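Next up: a single chain in structure tokens, the form deposited in one PDB entry.
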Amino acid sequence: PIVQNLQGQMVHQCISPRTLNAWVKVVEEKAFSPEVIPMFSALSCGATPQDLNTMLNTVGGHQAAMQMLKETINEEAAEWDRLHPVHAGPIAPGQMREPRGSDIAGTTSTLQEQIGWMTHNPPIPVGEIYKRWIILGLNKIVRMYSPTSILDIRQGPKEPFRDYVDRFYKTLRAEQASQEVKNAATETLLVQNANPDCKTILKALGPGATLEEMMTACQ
């Protein structure tokens, strides 16, 4: 990654063993549960495109997902190149060349180049641009690997309301509902999908109940 040291200049630092192992172990343990994504983002704080490729290449299984991700990256790299075409032919001696999509993705750029862009005044933030492409891809994978529709999350007859709500919102998160819809669903599908006893209690509460209110009501 690129860090500020103890004296305020941005320098390259090697990716640490602890970060490398943390990422590999979260993918091993959680696969593409939605909470893997914020973990990836955090673990890649300050990353170069080299570092991001390191992290992705250290994954051993999930190769269908990693091929899907490559496809998304290639789509974004192609959109970059549409928006920001670069001069063909020789670079000015000693001067910084403009990055292409594949340079942002780390496949045609050197570490030195990357460092140069990321530490330019002002920075050409190749690591953040690439990390956004990656995360776009990873979100597609999360959606793909979500096993259950929201329509199929219904409260069992002896299921504590809290356990049902946990299932409900875990599902909505993997299915990638907007925050609008998660906020909204409390007045709709959450009640509809509740068991008869709790449905009756929630219906009587009236509209505008907070989730806390609904949860206390059906405790």
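In this text, residue numbers run from 1 along the sequence as written. Superpose the two forms; the largest set of C-alphas matching within 1.5 Å is the rigid core.
This next part talks about the form deposited with a small molecule bound, which is not shown.
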Pick from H84, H120, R143, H87: which has a non-hydrogen atom within 4.5 Å of the small molecule in the bound PDB entry?
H84
Look up in the bound PDB entry whether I129 has a non-hydrogen atom within 4.5 angstroms of the small molecule, and give yes or no.
yes
Using heavy atoms and a 4.5 Å limit, would one call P125 a contact residue for the small molecule in the bound PDB entry?
yes
I want to make sure I read this right: if the two forms are fitted on their rigid core, which of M66, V26, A185, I37 has a C-alpha displacement of 2 angstroms or more between this form and the one not shown?
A185
Would you say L111 moves its Cα by 2 Å or more between this form and the one not shown, aligning on the core?
no
When the rigid core is used for the superposition, does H87 move between this form and the one not shown (threshold: C-alpha shift of 2 Å or more)?
yes
One pair moves by 3 angstroms or more in the bound PDB entry: the C-alpha atoms of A177 and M214, which are farther
What happens to the Cα distance from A177 to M39 in the bound PDB entry: does it get closer or farther than here, with a change of 3 angstroms or more?
closer
